[PDB]
Ligand SMILES: [Zn+2]
C-alpha cells in the first residue's frame, strides 16, 4: 500500500499559473513553445494537437494531475484551449 | 647529369614505388650534387631508414640504403616491482612498439623515460639498461633489464607558525603518515602529490571551520635526503584572529521564492563563522530551488570582513537558470546484467523535468551495488530541441563470485573456523546465492541461502535458507545433552522508512536429542510432553517436529558503523508455534544501545545498553529446555564465566552446572574517555572505556514449595553486578578487544573469569 | 585450571 | 617455431588449417606473418588469419584484423567477403553461454545491422546476400524486443509519459514487428490511466482493426 | 568460451507483417533508418554457405 | 653497492681518551647538530633539548639545562634543535625546527634572548661584527643583532620545487658575506643593509644545491651537488676554471692543495692553481662517509658503520682503522687546540687521542 518507502514519481511538463495564464487564442506554435516549452507528447495519429500534463505523486500521499490541451489549425495557429485543473 | 634511371639497393621491405614517389626527383630531370644531397636528405627525412647512401652511377642515380630494423620482440627482466602490462603501457610513448621500425640511437630516450617512470613511482635510485640484438631480414630484438633500487619513505611532517593548536592534532587527520606503529593500522609512509594536495585542503578546512576567516598558506617545501631514502615535508601557514557572524543577505534571480529562501538563510546572532554551515546553507538553497523544476540552480557566496569589529557579513547571489526535460535514459556496458537491474536504482524519471542532484544520487545508488568497477555519466543535448536532454550511464562489470576463509580466537568459544563461497549476481539476474559453514568448540553449523532483493519494485525482498546444526552442551559448560537439528525458513523484508523496517516469515525445524543426563528441570518438561524415561539410565532420546511463525522490527540511527558517537539501535524479535506442531510456546526478545555525547568534540560520550527476554508455553506444555536464555561472559556481563549466571542443575540420585532460565534481564552503563598515553598522531584509533554491568536470569516455573532444601530459582531478586575496564582497536590480525573486571556481588554457584579477550571475527 | 577444549579456565573453585 | 622457407610454412599451415583444431593452425600463421610480413603470400595470410581468429573465438583480434585490412586495401576484389566477416564478428558478440538475452545491451546488434545493411546495399549480386538478409531480419526483431522490455518496466513502475513515448518511438522505428503488435496495449493502458480517453479509443480502434 | 556462435544455428524466425490503418485516421510516418532492403534471386542459407576464405 | 672494509696495519694505535653520553642523539633524522669547543669547555646538544656543557679534559659536566616545555598529562614536547652549535663571546647560539633561535649565556646556560625567524633554522649560525646570519629552510636569509636579538635586515632568495635537505652556512670576508643557494647559484651581499653585489650560476633529477663556500687570497671556491666545482673572484662572479665534481659534504683547503670527498664517497686531491688531480683513493665507494678534517698531520674521516679512517695526504694511502661506536657517524668531526672530538648518531661524545 501507501506505507512502503516509495520514491517520488514526477511526470510531464511543469506548469505554473504565471505560464498558463499567458496563453491567448490565435497565437502561433512558436509563441506557445516560447511561453510554455516543448511538449513531451503530441498526437501521433494525424491531428495537430499538443498535450501538456503535470502529474505528481510525492512521498506518502496520493496523485495530483493537471492537463492542458491545445488544438492548432493546419496553418499552425491555435484555435481552441481546454484547461482541466483537477483529476476526475 | 640527367636521370636515365633510378636504381635501388636494400629495399627489402620499403616499396620501390613508394620510394620513387617519395624522392624530390624523377626520371629525365637534370641533376647535380645539390639534387643528390636533396635526395639523400629527403630519404633520411622519410624516417624508414638508418643509413642512406647515394652515388652517381654510369647510367643511373644509385641509392643504397639499409632500412630501419623492425622490432619483432620485446622482453623484460628484473622488473618484478611493477607489472609487465604497466611496463608495456609505459613504453607506448616514443614509438617503441612491436612491428615498427627504430634504431639504436634512441635507446637513451627509453632509458630516461623508464627512469622518469620509476621516479614517478617513487624509486628514486632505480637504474635501467637495454640490450639489442639484430636478426635476418633486417629484423631486431631487444631486452630490458631493471634494477628497482629502494623506495623512499616519508620521514617527517612539520607545520610552522601554528599557535592555536598543537602540531600533532593537525597531523592526525592527514592522509600521509610519518609514524606507523607495528601494532596498529594507520596507513603507509608512501609519498604522493595528490595526497599532499588533499592534506593541504583538509588543513585549510580545519581552520576555516573554527572562525579563522583570515587563514592562509604561504609556501610548501619538499626536501630529499642525500642518500635519497627519506622525504621531508614542511608547510608554512599564518592565521589571524577569530571572527563573529553579523548577518546574511541574498539577492539575484530568485524567481519569486524570495521569502521562502530568506526564511532558510537566517542565522542567530553571536555565532562564530563556519564554512561548513555556509556550504550547507547554500546547498539547501540549491535543493529548495531545485524542487521547483530548475535543472541547474547556481549560487555563489563571498564573505565581507571588517577588521575593526572582527565581524563578517555574508553576501549570497542566486541564479535560477532554466528548465529542461529528460527525453530518454540509456545504459551501456551492461553486457551481462539485465537492464532492469540497473534501471531499478535510478531516481530520475524518464519523461520528466531534469534534476541534477537526482542524477548524482542515482549515480551513487548505482555505485553502491558493487557489481561495477566504475560508473560514469553524461548529459547530451538532443539535436534540434532547445530544452531536451538525454542521460547516459557508462559501466564496467566485474566478477562478483568469490570464496572466503577466516580464523579467530577468544575465551568465549575457543578457536573458530569460517569458510564459504558466494555469488552476488547469479546469471546477471540480481539474485544472491551462497553456502557457508562455521565450527566452534561446542557448535558446528552449515547453511545455504537464496535472496531476491526486489520481490516488489518498491524494495520488498524475499529469501530463504536451508540449515543444519549440531550443538553439544557439555562442551559449553552446561548440563550434559546433545542436540542435532535441521530445517528451512522463508522470510520477507519490508522497509517503511530510511531508518527502520519490518520483517516476517515462516519456518520449520526438526530436533533430535540424545545423551540426556537426568535432572529435575529437564524431566519436568519431558513429563509435561508426556514421556516417562528411566531415571537410572543416560541412554534416552527424544524427537520433535515444529512449525513456527516469525516476525521482527529493527531501528537504526547510529552515527557511523565503526566507533559511533551518537544515535540509537533497537532490535525486537518474536516467535510462535502454529497449531499442528508438537510443541506449543512463544518467545520474545528486545535489546537496545544508545550513545549520548557530553562534549562538543564528541570525544567524551556515554553508552547505555539493555537486553530483555521472556517466553512460556501456550497451555499445558512448557518451553523446551533447549530454548532457554543464558547470561554471563564477555558478551553479556563482563567478569563472569560464560553461561554461569542463572539457575543450577539438580540431579536425581546441587552442582555448579548451569541450565539457564526462561526469563532474562540485563543492563549496562559505560563511560568512554580519550586514551591517556598514546601519542595524539594516532590516539583516536584506540577506544578506552569504563563500565558497570548487572543482570539476572530466573525460571518462572520452579515449584519452590516442594524443594525447600534448595534455593529459590523463581526469585528475580538475585541481581549480579561487576565493574571494570576495557579497550579495543583494529589489530593487523583483525578486530581486537580486551577486558578486565571484578564482580562485587555474586552467589554460590557463580564462577568468575576476570580476564577476557577476543581476536578477529568470531 | 584445565585445558577444557582450547580455552584455559577454572574447573575448580 | 622452426625457421623455414614460406613455401612449406604455408604448405604445413594450410594442411593443418583445412582440418584439425585451430590452436596450432593459428600459431604457424602469426610466425609466418611476423617473420615474412612482405611478400607474395601477404593477402592470403591475412584472410586465413581473419578466418582462424574468427573460428577460434578470438573476437577482438578478429575485429582488429578486419579493421586493419578494410582500410589497408579497400580496392580488393573480395572486399565483400571481409565485409560479411565483419558482420558475423559483430553478430557473435550479442550472445553468451537458455535465458532470454534481449534485455541486455544491443549496441553490438545495432552495429551488425548497419554492417549487413551496408553489405547488401553495396553488393546485391554477392553470394552472401541471402544469409545477410536473414541475419538482419532477425536483428530487427531482436532490436524491437529491447524497447518492448523497457516499456514493460515503466508500465510496472507507474510512469505513463515514458510508456507512451517508448511505444510511439517503437511504432515509428519498427512498424512491422511482433514486438510492436504485442506492445501497443501498453500504450492504450497508459492513455486510459492518464484519462486521455479520446486517444485510448483511437488506440482501441487500431488494436481492433489488426489481429 | 562462447564457441557455440562460431557454428551458429536457429537464426530463422517469424517473417515481418505490415499493420493496417483503420478508417478516418493515419499511422505515424516511418523513420526509414531500419527499413529492410529488398533483394532478388536465391542462394545458400544456413550451413550451406562456405565460410572458408577464397 | 657498498664496498667491504679494507685491511690495513696501523702505524699507531689511537685510543679513546674519554666518553660522555648526552641524552639521545640526533636519531635517524638528518641534521647539522654537532659539538663545538672553545676555551677548554665543550658544548653538546640533543634533538629534544638538553644543552650540556662539559670540560675538555676530564669530560665532566659543568651545568645542564633543558629547553623543552614540560607541562601536560605527564608528557612533554620537544624543541627540535636542528641548527648547529657555535660559540662567540659569552653566548651560545642554537637553531630550532620550530623557527626559534636560542641564545644561552656560557656562565650558567640561562637564556639571554629568544627570537622567532621566518622559517626553520637549519644552517650553523655564524657571528660577525655583532650580526648573526641564519639561512632558513624557506630560502630567507636573516641577520640578527647579537646584543638584543632583534632582526636587522632580510634578503629573499628563490627556492626550486624539489631540493636536498640542508642549508648553506654563509661566510664573511672584506665586510661582505658569501652564501650558496638551492638554485645552483652563489650570491654575495653587503653586510650593513643587504645590498646584492654580484651573482653567478655554478651548476650545469635536476637537483643542484650548495654547501658552505670558502675564500682564500681573494678568490672564492664553491661546490654544488651533481654540479661543477668552480673558482670565482671575490670582486665579481667571473669564472677561472671548472671541473665535473659534486658533493654535499664540506671541503678543506690548505697550502697549494684541496681535499674533498665526492658524493660517490671517493676521496680526492686537487691543486689550487688549476683543476688537476694529484691522487685518487677509491675503495670506500657507496659507504656513507662524512666531511674530512685535518688533525696531527693526517686526514680523518668517519664512517656510517661506526669506523674511523685515517688517511695520509702525502700519497693517499691508509694508515689506520678503528672501531669507536656502533651507532654510526653522520655529522662532521671537529678539531681545535690539539683535540679531536666527534659525536655519534647516538648522544655519546668521544675524545680521541
Ligand atoms: Zn570448561
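Along the chain as shown, the residues are counted starting at 1.
Determination method: electron microscopy, 3.5 Å.
For all residues, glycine too, the Cβ spot is worked out from N, Cα and C.
Swiss-Prot lists B:1-68 with the feature domain 'POTRA 1', giving sequence analysis as the kind of evidence. Here Swiss-Prot flags B:69-149 as domain 'POTRA 2'. Here Swiss-Prot flags B:152-240 as domain 'POTRA 3'. Among the features that Swiss-Prot reports, domain 'POTRA 5' is placed at B:324-398, with the record citing sequence analysis. Marked as topological domain 'Periplasmic' by Swiss-Prot on the basis of a curator's inference: B:424-431, B:453-460, B:484-499, B:555-567, B:597-605, B:672-685. Sequence annotations record features per position, and here Swiss-Prot assigns topological domain 'Extracellular' to B:473-481, B:513-540, B:578-585, B:699-720, B:743-756. The annotation transmembrane segment is assigned in Swiss-Prot to B:413-423, B:432-439, B:443-452, B:461-472, B:541-554, B:568-577, B:586-596, B:606-616, B:662-671, B:721-730, B:732-742, B:757-761 (among others).
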Completion exercise
Rounded to a whole number, the Cα-Cα distance in Å between residue B:653 and residue B:654, flanking 24 unmodelled residues, is 11
Practice task
Using a Cβ distance cut-off of under 8 Å, indicate which of B:432-439, B:443-452, B:568-577, B:662-671, B:721-730 has the most pairs with the transmembrane segment (B:413-423).
Solution key: B:432-439
Fill in the blank from the handout: Taking DSSP H, G, I as helix and E, B as strand, the domain 'POTRA 2' (B:69-149) contains 28 helix, 27 strand, 26 coil
Completion exercise
Tertiary contacts of the transmembrane segment (B:606-616), defined by C-beta under 8 angstroms and 6+ residue spacing from its ends, are 585-598, 622-623, 627, 629, 636, 662-672, 689, 695, 700-701
Practice task
Please work out the helix, strand and coil residue numbers for the topological domain 'Periplasmic' (B:424-431) from the DSSP assignment.
Solution key: 3 helix, 0 strand, 5 coil
Exercise for the section: Quickly jot the same-chain residues contacting the topological domain 'Extracellular' (B:513-540) by Cβ under 8 Å, restricted to those at least six beyond its ends, or write none. Expected result: 479-484, 582, 617, 620-626, 647, 649-652, 659, 699, 701-702, 707
Fill in the blank from the handout: Sequence-distant contacts of the topological domain 'Periplasmic' (B:453-460), meaning Cβ under 8 Å and at least 6 residues beyond its ends, amount to 344, 430, 432, 492-495
Handout entry: Intrachain neighbours beyond the topological domain 'Extracellular' (B:473-481), with Cβ under 8 angstroms and 6 or more residues off its ends
Key = 441-442, 513-517, 519, 522, 625-626, 641-644, 649, 657-660
Practice task
Please indicate, using numbers and ranges, the residues of the same chain that are 6 or more beyond the transmembrane segment (B:443-452) and have a C-beta under 8 Å from a C-beta there.
Solution key: 413, 430-437, 461-472
